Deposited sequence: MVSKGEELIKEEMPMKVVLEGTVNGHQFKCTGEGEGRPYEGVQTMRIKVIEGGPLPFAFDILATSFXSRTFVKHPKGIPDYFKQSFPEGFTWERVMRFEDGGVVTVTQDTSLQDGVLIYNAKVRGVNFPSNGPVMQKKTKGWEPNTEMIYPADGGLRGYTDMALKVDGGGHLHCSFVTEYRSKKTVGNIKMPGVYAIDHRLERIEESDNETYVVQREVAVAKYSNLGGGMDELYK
């Protein structure tokens, strides 16, 4: 109900990848009930990144998922308190990313605060060499748990040449709402497509749009 038909965001993401420190800010808007959102991102410190921005792209938004009538919306129900998500991204080439994020709501604005630690990226890998060309459309599996959701996607990062780099994404979503009932969903699936709209100054500025739609699985 505090999640309006049109909602704006402000995001701050910081971390280390291999040893390289950076800080990013974003502002954006979208239609949480239609499942669309756009983000304007700046690398404000440590830019240009000596690695593909694609490994950060997925860490800038699950409030903006179109849920059919019959699938309860864990994300939208989490307000005003919001929810946290924790992710491990396991790259086939040996790279690992750990992500901690806080989603909150302040004065009608969604506030995202993400911390990121990447380690063991092959210095010769496509990521550290910036030879990546975006993520494939994909589907995330959602499994309920004691006061939370578990998220699984086998993701494919496109490489120069037309190869893919395999990466398992696995996420813990947890409401910060501890009192009052959330209606829990069963298992379902979220088709998500993230597309880069625009980049400049060696990827220190990026515009991206995500379209996400929930569906019945089993």
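- Missing from the model, relative to the deposited sequence, are the stretches 1 to 6, 67, 226 to 235.
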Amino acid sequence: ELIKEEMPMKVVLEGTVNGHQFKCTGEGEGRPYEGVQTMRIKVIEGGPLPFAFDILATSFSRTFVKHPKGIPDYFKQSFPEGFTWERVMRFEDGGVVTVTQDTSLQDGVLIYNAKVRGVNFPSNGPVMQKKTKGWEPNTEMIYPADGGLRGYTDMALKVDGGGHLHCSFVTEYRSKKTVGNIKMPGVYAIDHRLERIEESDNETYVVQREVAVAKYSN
From here on, numbers count along this sequence of modelled residues.
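- On average the C-alpha atoms of 179 to 187 have higher B-factors than those of the other stretch, with 179 to 187 and 48 to 56 being the two compared.
- Comparing 38 to 46 with 159 to 167, the higher mean C-alpha B-factor in the PDB entry belongs to 159 to 167.
- Across the residues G151, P68, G26, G30, the deposited record lists the maximum Cα B factor for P68.
- Ranked by Cα temperature factor within the chain, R62 sits in the highest third according to the deposited record.
- Ranked against the other modelled residues of its chain, the C-alpha B-factor of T100 as given in the entry falls in the lowest third.
- Per-chain ranking of the deposited C-alpha B factor places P122 in the middle third.
- Ranked by Cα temperature factor within the chain, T132 sits in the highest third according to the deposited record.
- For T139, the recorded CA B-factor ranks within the middle third of the chain. Only modelled residues enter the ranking.
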